[PDB]
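Student: Experimental structure and sequence below.
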Amino acid sequence: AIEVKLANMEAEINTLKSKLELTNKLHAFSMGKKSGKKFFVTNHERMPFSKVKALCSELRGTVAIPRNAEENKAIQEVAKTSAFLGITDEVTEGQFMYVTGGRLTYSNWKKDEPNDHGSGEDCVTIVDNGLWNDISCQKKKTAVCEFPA
Amino acid sequence: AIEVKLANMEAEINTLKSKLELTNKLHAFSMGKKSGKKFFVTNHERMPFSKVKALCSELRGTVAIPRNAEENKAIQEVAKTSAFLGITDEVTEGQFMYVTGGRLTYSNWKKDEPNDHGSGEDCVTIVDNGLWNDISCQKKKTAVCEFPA
Amino acid sequence: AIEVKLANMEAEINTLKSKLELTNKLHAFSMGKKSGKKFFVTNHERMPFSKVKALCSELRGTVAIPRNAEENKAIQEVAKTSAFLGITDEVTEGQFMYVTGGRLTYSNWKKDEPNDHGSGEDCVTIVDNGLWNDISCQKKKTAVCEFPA
Ligand SMILES: CO[C@@H]1O[C@H](CO)[C@@H](O[C@@H]2O[C@H](CO)[C@H](O)[C@H](OS(=O)(=O)O)[C@H]2O)[C@H](O[C@@H]2O[C@@H](C)[C@@H](O)[C@@H](O)[C@@H]2O)[C@H]1NC(C)=O
Ligand SMILES: CC(=O)N[C@@H]1[C@@H](O[C@@H]2O[C@@H](C)[C@@H](O)[C@@H](O)[C@@H]2O)[C@H](O[C@@H]2O[C@H](CO)[C@H](O)[C@H](OS(=O)(=O)O)[C@H]2O)[C@@H](CO)O[C@H]1O
Ligand SMILES: [Ca+2]
Ligand SMILES: [Ca+2]
Ligand SMILES: [Ca+2]
Ligand SMILES: [Ca+2]
Ligand SMILES: [Ca+2]
Ligand SMILES: [Ca+2]
Ligand SMILES: [Ca+2]
Ligand SMILES: [Ca+2]
Ligand SMILES: [Ca+2]
Ligand SMILES: [Ca+2]
Ligand SMILES: [Cl-]
Ligand SMILES: [Cl-]
Ligand SMILES: [Cl-]
């Protein structure tokens, strides 16, 4: 019976969809995702900002964005080394924007930064003690992605 | 056509189901699951027992339960801090029961425990050295979930 | 309906395939896979060689094999303790081959190794210093699987 088989296929597909979602939930949890909080993941590879951005988008996430101290601390702990943040002033020098949109609100700049040093620095890294510093987007820094809460 | 197209699709689904199962095995392995041993995992978040029960059930798992010394050690090494166990005497004071049913078969109580201290303590936490202490279910401890061997 | 439901199911299956691919990409990333580089994974379990082979095959991978100084270091870092390599001279004493097939293209043998000591040693482990040493395949060493770049 073709219709009986089609209904089974629907049931099979639905079952699969539910299991894949459970697998994603389990993975996030094992990656340290706290309930109702976005989580961060890194492979500890250093690369230019454009590569991090491409990579994270490929994973349906975005370059990590600290929107408060807790998140800043979380990113610092995941990264373990200097890493790019999803913040840049490439569009208009001096005005930092999130890669996903909007002007920067919470910030944790290191003393005397951002300084757009020399020829210029339009990207941002989370460095020592979790403070931030603007740097050339061409530099290679750890890739840390954030995924929705 | 229809029947052939349908049969081909059923084959595709079966293949996808196998792939997901492989994804699950590899995830558990990368997370430290030992062959033939239960898989214990945590996000390192502390929360009330009710929250833990909810979280693990949502992942289609259960609150970690040590049935022997080997499992107690395994849970201890996953939690790294104090964590709730799936054991309570909430229903009947003095008689600890697994959240999945049954009376205790193995216990590892710390000296002077269980004491049902003060207003009463119905939940169990695996603390330092792997020893157990009964505490208020409302207190916040690490969430450790258990998955099949 | 029939044809419409069937065509939709096809799109549903195709959507699921993409999602699972994404899940696999994200999991590899979480496991530390570097772009275009092969990656090694371990659950840190010690078992005999036959078991390692069986387990990695079950994960659709192969027992870790260092093709150069770089990979040799990479494996050593993942394992943390002496692990088996996908190299043995089981077939013909003295002729070490990859479990995947072929003669050695690279090797980092310690002085006077391999020596087929005593009752015999047909397996190889990466010691806690990069060097190789042939050991008994019955010994329990850390299981490290390798997946392609
Ligand atoms: C007096 O201000 C500081 O001057 C030094 C020297 O010019 C700055 O450091 C240089 O910054 C360059 C930025 O592209 C580059 O990294 C230089 O390295 S190298 O010589 O090309 O190898 C580096 O010496 C310094 O900038 C800060 O520190 C840098 C290391 C870099 O992280 C910048 O983003 C920082 O802003 C200046 N510091 C301040 C506080 O103005
Ligand atoms: C170069 C050589 O001949 N070395 C001998 C040495 O074997 C090496 O070291 C072992 C520990 C082992 O890793 C071997 O694979 C190395 O080639 C001998 O050591 C003994 O080796 C046996 C066989 O594995 C065994 O491990 C012994 O330990 S046991 O007693 O616990 O079983 C180990 O001592 C050494 C012994 O005389 O002779 C060296 O010439
Ligand atoms: Ca600029
Ligand atoms: Ca700038
Ligand atoms: Ca700067
Ligand atoms: Ca399953
Ligand atoms: Ca009680
Ligand atoms: Ca009690
Ligand atoms: Ca107590
Ligand atoms: Ca031999
Ligand atoms: Ca040999
Ligand atoms: Ca030897
Ligand atoms: Cl720049
Ligand atoms: Cl209580
Ligand atoms: Cl052997």
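Tutor: It's in. Numbers count the residues shown, from 1 in each chain, chains lettered A, B, ... in the order given. Ligands and ions are numbered 1, 2, ... in the order given.

Student: close to chain B, is the longest helix seen in chain A?
Tutor: With DSSP state H setting the assignment, residue counts place helix A:2-30 as the longest helix in chain A. Yes. Helix A:2-30 is in contact with chain B by CB under 8 Å from any CB of the partner chain, via A:2, A:5-6, A:9, A:12-13, A:16, A:19-20, A:22-23, A:25-27, A:29-30. Quick note: C-beta positions are derived from backbone N, CA and C, even for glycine.

Student: now swap in stretch A:71-78 and tell me
Tutor: No. Using CB under 8 Å from any CB, stretch A:71-78 never reaches chain B; the gap is at least 10.3 Å.

Student: What is the burial count for the residue of chain A found nearest ligand 8?
Tutor: In chain A, no residue comes nearer to ligand 8 than residue A:35, which is 26.5 Å away by CB to the ion. Residue A:35 has 14 neighbours, counted by other CB atoms under 10 Å in any protein chain shown.

Student: so how far is residue B:64 from it?
Tutor: In this structure, residue A:35 and residue B:64 are 17 Å apart, going by CB to CB, to the nearest Å.

Student: Next: residue A:84.
Tutor: In this view, residue A:84 and residue B:64 are 37 Å apart by CB to CB.

Student: can you check residue A:131 too?
Tutor: Note on residue A:131: its distance to residue B:64, by CB to CB, is 38 Å.

Student: Out of these two, name the residue with the larger neighbour count.
Tutor: Counting neighbours by other CB under 10 Å for residue A:131 and for residue B:64 shows that residue B:64 has the greater number, 31 against 15.

Student: Now do the strands in chain A.
Tutor: Under the criterion DSSP state E, chain A contains strands at A:39-48, A:62-63, A:83-88, A:97-98, A:123-126, A:132-135, A:140-147.

Student: Just say which of those strands is most tucked in.
Tutor: Stretch with highest mean neighbour count among the strands of chain A: strand A:123-126 (a mean of 26; mean count of other CB atoms under 10 Å in any protein chain shown).

Student: what does that strand contact?
Tutor: Contacting residues not belonging to strand A:123-126 are listed as A:49, A:64, A:66, A:72, A:75-76, A:79, A:82-85, A:87-88, A:90, A:96, A:108, A:114, A:132-137, A:139, A:141 [CB atoms under 8 Å, 6 or more residues apart in numbering or on different chains].

Student: can you narrow these to ones near ligand 13?
Tutor: Of the entries in the contacts of strand A:123-126, those that also sit close to ligand 13 under the rule CB under 5 Å from the ion are A:136, A:137.

Student: In chain A, what residue comes closest to ligand 13?
Tutor: Closest to ligand 13 within chain A is residue A:122: 3.7 Å, counting by CB to the ion.

Student: so how far is ligand 11 from that residue?
Tutor: Plainly put, residue A:122 is 59 Å away from ligand 11 if you go by CB to the ion, to the nearest Å.

Student: Next up, the contacts around the closest residue in space to that residue that isn't next to it in sequence.
Tutor: In space, residue A:122 comes closest to residue A:90 once its chain neighbours are excluded; the distance is 4.5 Å by CB to CB, 6 or more residues apart in numbering or on different chains. Contacts here follow CB under 8 Å, 6+ apart; on that basis residue A:90 touches A:122, A:123, A:137.

Student: Run a quick neighbour tally on the residue lying closest to residue A:67 once chain neighbours are set aside.
Tutor: In space, not counting the residues next to it along the chain, residue A:67 is nearest to residue A:106; the distance is 5.5 Å by CB to CB, 6+ apart. Residues lying near residue A:106 (other CB under 10 Å) number 11.

Student: which residues touch the residue of chain A found nearest ligand 2?
Tutor: Checking chain A residue by residue against ligand 2 with CB to the nearest ligand atom singles out residue A:44 as nearest, at 32.2 Å. Residues counted as contacts of residue A:44 (CB under 8 Å, 6+ apart) are A:80, A:81, A:142, C:32.

Student: And for residue A:130?
Tutor: Applying CB under 8 Å, 6+ apart, one finds that residue A:130 lies in contact with A:72, A:73, A:75, A:76, A:108.

Student: For the closest residue in space to the fourth one that isn't next to it in sequence, give its distance to residue B:84.
Tutor: Beyond its immediate neighbours in the sequence, the residue positioned closest to residue A:76 (CB to CB, 6+ apart) is residue A:130, lying 4.2 Å away. With the distance defined as CB to CB, residue A:130 ends up 30 Å from residue B:84.

Student: Can you give the contact residues for stretch A:96-108?
Tutor: A:53, A:62-63, A:65-69, A:72, A:86-89, A:91, A:95, A:114, A:124, A:126, A:130-132.

Student: circling back to that earlier point, so the residue of chain A closest to ligand 13 sits right up against residue A:87, yeah?
Tutor: No. With contact defined as CB atoms under 8 Å, residue A:122 and residue A:87 do not form a contacting pair (9.9 Å).

Student: most surrounded residue in the residues of helix A:2-30 next to chain B?
Tutor: Counting neighbours by other CB under 10 Å, residue A:29 comes out on top of the residues of helix A:2-30 next to chain B with 24 neighbours.

Student: Excluding residues flanking it in the chain, which one is nearest it?
Tutor: Nearest residue to residue A:29, sequence neighbours excluded (CB to CB, 6+ apart): residue B:43, at 4.8 Å.

Student: got a list of what the one you found touches?
Tutor: Residues in contact with residue B:43, defined by CB under 8 Å, 6+ apart, are A:29, A:30, A:31, A:32, A:33, A:34, B:143.
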